[PDB]
Amino acid sequence: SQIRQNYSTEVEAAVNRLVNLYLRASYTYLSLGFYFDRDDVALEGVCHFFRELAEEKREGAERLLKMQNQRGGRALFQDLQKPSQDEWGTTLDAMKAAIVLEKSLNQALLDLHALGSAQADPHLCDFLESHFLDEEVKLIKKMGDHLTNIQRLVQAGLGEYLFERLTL
Amino acid sequence: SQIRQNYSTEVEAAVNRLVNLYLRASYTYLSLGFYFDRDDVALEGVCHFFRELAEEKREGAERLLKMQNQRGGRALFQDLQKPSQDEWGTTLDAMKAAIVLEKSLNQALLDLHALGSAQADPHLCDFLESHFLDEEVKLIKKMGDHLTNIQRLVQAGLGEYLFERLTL
Amino acid sequence: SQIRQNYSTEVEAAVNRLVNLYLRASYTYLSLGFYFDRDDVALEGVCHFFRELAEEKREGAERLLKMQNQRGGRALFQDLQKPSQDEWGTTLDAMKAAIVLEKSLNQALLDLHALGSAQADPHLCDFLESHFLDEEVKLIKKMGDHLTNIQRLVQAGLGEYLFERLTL
Amino acid sequence: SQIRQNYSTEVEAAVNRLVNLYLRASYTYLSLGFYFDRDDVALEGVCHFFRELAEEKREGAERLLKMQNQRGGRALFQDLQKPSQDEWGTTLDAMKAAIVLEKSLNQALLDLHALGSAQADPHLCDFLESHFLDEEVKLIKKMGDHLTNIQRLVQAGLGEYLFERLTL
Amino acid sequence: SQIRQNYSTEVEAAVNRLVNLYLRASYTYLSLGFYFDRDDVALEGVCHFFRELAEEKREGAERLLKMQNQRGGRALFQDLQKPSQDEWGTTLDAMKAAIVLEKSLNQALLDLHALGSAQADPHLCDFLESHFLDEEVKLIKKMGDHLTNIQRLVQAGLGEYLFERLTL
């Protein structure tokens, strides 16, 4: 590419894998969101929480794709695997699966940052710090808070209703 | 009628029966609404939920009556039977009876649509789709959601209070 | 009822009968209104006059139902008989039937007031005076005025058109 | 056509015929409108009623033409026959001829819908329901109302003046 | 008195007794209100509910006093006995005592009305109907509603908190 400068093939490839990870995450949240929209689950605040995360993850993928092009790398898309579950259980189960998901994304961001540092790619480092690293830390903190409040509330049916009504 | 065109006697008659069904439903909701207004029941959000439905059902009847005249059919009114109950029990009992009621209305709409299709009456089909079919589906979904949340909340007294306060 | 005070069973029952009378009246006006909406009758001002009365009568029933609950009485609904006619003839015929109807309602209000006085129920008396007695007197006066103008106008077709156009 | 999908030659041709019918109708209303503008007829409200219908019918033709192109069909125009009359008599005569005209259009819409259903063309069905079927039913109802009021008014000269002044 | 007309000594005296009853009631509500303001009770919504009633009852006394002067009667004040309790227990206990109190006031209003009717004093009757009778009925209905919801909520501590938070 006429514009490519200091952009390793290793980072280029890892960025493509990270796009797949973010779209997979977006797909997982779409599934979570619509599960809580079922008439036999019916937790609107939980549905909205997860639908908003689906959107955030899709936007993360787009930011990575934009950056890939800015650096002269080439987007390569792969199949997107379906989410790990068809049904997501309680709000507690769902929030637990979500924090596991976010931790996996965070670890992928950290690995990518380590790769960038090894490749001496300061633009990539800045990119990850500016748009991802603190976003993830904040989100994981929030999910941790939610998990603590959910568990505090487990009269489990009553607790699930109240959390959705008064927190989400 | 000078204006009547492609409007079968079968549809005309079924429309009159459907008006009776909708007014009966409106009457049932009036009864439900005032039951929850009793000093010994006292659930204002439940009262309002049912009173609003009484109004919706009456408006459905008026829309059918207007349409009947538009097609050159003739409104024929019949006695309106009183609701199936004098007292409606808990919010749960009431919501259960309401979803049964809505399903019966929905089935009547579906039968009328099938009749219209058999009579090749596309204006009637459009009329039912535009003003009734999706309305019913949405309402039944909402009642299903409510039922799930109500059952989740059954400390039954506490649950009934909280649902009325925080959902209705 | 924990709140019931100075509210006789006789008044409670008569209030329930009066609700039935008001809903019957509302039903009668719904029928009148849609009759004048027929393409072969087509008197929009007459249709609107009666449709508005249907609404007023329904609201009267709701006021009675609200009052019943306020006093600790219990609403009991009964079958609603269909209106006395399927077709209502001329504006004159219709207005004549309407004033007969209103007189019957007025007489029921007067009987209820007499019952309340015999039961020494001053809250009921105030209720009837504030919300019904003068309303009826005013409405009956208006119908009387209309009847006089209608009869004055009977070239009967011309007269019916002009009354609907210039008065209603 | 590169875009044509599920659009039968039968429907394409019937749509072209329907365009001819709508333009013919527009032409008929133009003639009616200007007849009532004659100094020896002079009924401005009748003139305006028919001129507005001429415009509506032309717009119907344009909607059909637009739809034809959207589906990849090809507009084919044919000669437009002149209206059935040069002079249109009374408002009554004119309104009678208009309702006959609208019924013929309505029947053509119904036939086209039946053709679409036989050809399993759901886009065409939606198109007819959304833009034509209820429009026709409403218009025919209105003309029926007018006819009833006109006939009620037949002192025929006086009646024709009053209808034009107070209704149109 | 130069203005006194149709105002019996019996009514005059009963009006003075009723003023004492209303001020006693105001005093009782002042006590209730400040009890719920105690640091070891601490239910702000209950405190406010009763403090507002103290004000309403004082205003009732002033209206009676104004009316007494309007009729040419003479205000005579008597000692005001302290409330029946120093401490008022739970919200439930308090609301129960309040409805007993309101019923006693209502009965006094009814007795006064009966006296007025026996004395053929229509101004007094109008006065009681306009300013007191429906006010009492409404208040008693509300207290009945509250009692039902309170009892529904009795985890008694949790229930008392939730009622104060979500209803009062």
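The chains carry the letters A, B, C, D and E, assigned in the order they are written, with residues numbered from 1 in each.
Quick note on the criterion: contacts are C-beta pairs under 8 Å (C-beta built on N, C-alpha and C of every residue); 3 or more make two chains touch, one makes a residue touch a chain.
Enquirer: Mind listing the chains that sit against chain C and also against chain D?
Expert: A chain counts here if it touches both chain C and chain D, which gives B.
Enquirer: Where among B-C, C-E or A-B does the C-D interface show up again, with more than half of the contact pairs the same?
Expert: Most of the C-D contacts reappear at A-B.
Enquirer: Please report how many Å separate the Cα centroid of chain B from that of chain D, as a whole number.
Expert: Each chain's C-alpha centroid was found; their separation is 37 Å.
Enquirer: Distance between chain A and chain D based on Cα centroids, please, to the nearest Å.
Expert: 58
Enquirer: State, to the nearest whole Å, the distance from the C-alpha centre of chain B to the C-alpha centre of chain E.
Expert: So the centre of chain B lies 43 Å away from the centre of chain E.
Enquirer: For chain B, what residues touch not just one other chain but two or more?
Expert: 1-3, 39-40, 69, 72, 155, 158, 162, 166
Enquirer: Considering only the defined contacts, which chain B positions touch chain D in the complex?
Expert: 1-3, 5-6, 69-72, 120, 122-123, 125-127, 129
Enquirer: Flag every residue of chain E that touches chain C in the complex, lowest number first.
Expert: Within the complex, chain E touches chain C at residues 99, 103, 106-107, 110, 113-114, 117, 125, 128-130, 133-134, 137-138, 140-141, 143-144, 147.
Enquirer: Give every residue of chain A touching chain B within the complex, in rising order.
Expert: These residues of chain A touch chain B: 39-42, 44, 155, 157-158, 160-162, 165-166.
Enquirer: Looking at the complex, which residues from chain E come into contact with chain B?
Expert: 141, 144-146, 148-149, 151-155, 158-159, 162-163, 166-167
Enquirer: For the complex, which residues does chain C have touching chain B?
Expert: Counting only chain C, the residues touching chain B are 1-3, 23, 27, 30-31, 34-35, 37-40, 62, 65-66, 68-69, 72, 74-83, 86.
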